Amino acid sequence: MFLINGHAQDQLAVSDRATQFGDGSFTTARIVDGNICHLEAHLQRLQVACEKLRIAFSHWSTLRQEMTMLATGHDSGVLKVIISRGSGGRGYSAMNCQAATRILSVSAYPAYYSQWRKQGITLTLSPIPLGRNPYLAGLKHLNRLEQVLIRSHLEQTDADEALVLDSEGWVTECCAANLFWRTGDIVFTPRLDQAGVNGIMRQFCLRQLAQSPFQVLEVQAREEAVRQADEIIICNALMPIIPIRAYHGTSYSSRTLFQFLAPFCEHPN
């Protein structure tokens, strides 16, 4: 079941531009004890996406009410919100386009995160790159065919997550997560001005690493820098953070970065 523009309803008009063009964006939030973690950041990300995609959306107050009412009742859950431009327009044009569409649903929190969080996971280099486009960089928009292909190629291997480059060979993110790596006292993360999703958990870790025993650099790096790192971690709003135990044959034992961030992230707020 789904809540579409305030109506309990599990079907959407075929003409909707999410279906036609992936014309919209979304966020995925973790539910803990009936409350939505980082609820204000999730609304923020959706607002920034709507603005950058020129999707007029009026019911921010109403959407906040709907999200919190759906979360109450679930001790452990996943709330997904989609905002599309709606139906209408002539081809790709959005002139005379009807009002936007909001789509909310609560799903089950996966259990495999706990096993991942304890033992660490393996990374493999995805052959699928990310297209570079600063008009879409950072946004968790609906055009996610690249991640679908990345996940498909990843499933042909024994690795749990993929290291994903952009079209010019620069480390950008993982398949469904942002990534940080550490060498010594310096923590690195890829700059996302050209591709990738500027995640809520990524923005949260940067806000805490700004007062920490680590230096922080947003970099433009080749995959060698990841292979030569002391420690790698990945993060998204759900995991919320997972360490990397192996990548490209070399083993990663250190947990220094993970142990600093874990108490911040895994406090669900």
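The first residue of the shown sequence is 1; numbering continues from there.
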Between the two ranges 133 to 141 and 87 to 95, the one averaging a larger CA B factor in the entry = 87 to 95
message = Can you tell me whether 67 to 75 has a higher mean C-alpha B factor than 182 to 190 in this record, or the other way round?
response = 67 to 75
ask   = Which of these, 62, 220, 236, 47, has its C-alpha atom at the highest B-factor, as the entry lists it?
value = 62
inquiry  = By the recorded C-alpha temperature factor, relative to the other modelled residues in its chain, which third is residue 227 in?
reply    = middle
key: Ranked C-alpha temperature factor of residue 119 among modelled chain residues, by third   = highest
message = Per the entry's values, where does residue 202 land by CA temperature factor relative to the rest of its chain, in the lowest, middle or highest third?
response = lowest
Residue 152 - Cα temperature factor, lowest/middle/highest third of chain = lowest
key: For residue 257, the third of its chain into which the C-alpha B factor falls   = highest
